[PDB]
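First comes one chain, alone, set out as structure tokens in the form deposited in one PDB entry.
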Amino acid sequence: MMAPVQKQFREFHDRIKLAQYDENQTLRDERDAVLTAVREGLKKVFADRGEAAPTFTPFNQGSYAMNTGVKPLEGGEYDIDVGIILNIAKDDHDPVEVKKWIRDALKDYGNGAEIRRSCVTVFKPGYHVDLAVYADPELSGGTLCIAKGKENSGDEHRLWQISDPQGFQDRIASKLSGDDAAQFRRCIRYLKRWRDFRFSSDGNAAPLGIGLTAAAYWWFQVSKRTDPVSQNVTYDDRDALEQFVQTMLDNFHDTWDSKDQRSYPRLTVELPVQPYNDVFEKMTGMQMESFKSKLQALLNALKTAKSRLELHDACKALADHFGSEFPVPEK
């Protein structure tokens, strides 16, 4: 038989999922509009260089490429992630210089464009496009490097960093297959909506979607049951989330801070590809403590939802952490 609240989890997922690039013409059209804008802008930017603009190869990045995207809450923005590999040698150019090429290309597009430590972001009514900027591996020693650093960053934090976004995307796509991979992606989405619902008071404190995605890569485990008579398989998203959240909580470690003279709980989640960085490294110790506490509250609700006699009460317990799209059947 079907798991206790599985129907409501699937309805919740139906309500929060955003179709990936290959299934979403609106996202493809917005992405391609930005790409055309950067092509024409590069024409204009290199008009005063005496040379044709360098060409680039675009590729899908992020959750819309990995089929892990969620709809924003009301008032939020879509996040269109794309990479562009410019036909340039990384040692011949400064990373901030190349990102400034791209930013000046998009200077008069939409609400504007700005250079961020890891990308150039252009803004548009209801969504922003994050263009990660890379040098050509053929001209840069065979390595794919992203342009890191901003004008304010200075000198030490400005570099071409080895990067592997397509390797990461392959890792997320390949960890599981079929309906197992479906449950994996559903649980990443559930946690992204939890993030949006319970970290809205301080968006800087929120655990990034990339962090939750990498954590799922390391620690998600499928939860399913095979009927001993029909061999019919049913998935148990509530149990899968309970195991995954418990494993995340188990991987927090108290971490001394000499300035504050105390420990904070920290979850370290290495990217499984280059540059193998802790995707949570920017979160402060206090933000980590709050993250852990809300994770524990979510885990407690997942456990409570297993024991409620009334489906209404189990679903309400979950809605308290997942927000208004989680169905709560009447009692």
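In this text, rigid core is short for the largest set of C-alphas that superpose within 1.5 Å between two forms. Throughout, we count residues from 1 along the sequence that is shown.
Another form, the form deposited in another entry, is not on view; read the next lines as being about it.
Enquirer: Which residue moves between this form and the one not shown, judged by a Cα shift of 2 Å or more on the rigid core: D108, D254, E97, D202?
Expert: The one that shifts is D202.
Enquirer: Given that the shift is 3 Å or more, do the Cα atoms of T304 and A206 end up closer or farther apart in the other entry than in this form?
Expert: Compared with this form, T304 and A206 lie farther apart in the other entry.
Enquirer: Regarding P207 and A301, go with closer or farther for their CA spacing in the other entry versus this form, the difference being 3 Å or more.
Expert: Relative to the displayed form, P207 and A301 move farther apart in the other entry - a change of at least 3 Å between their C-alphas.
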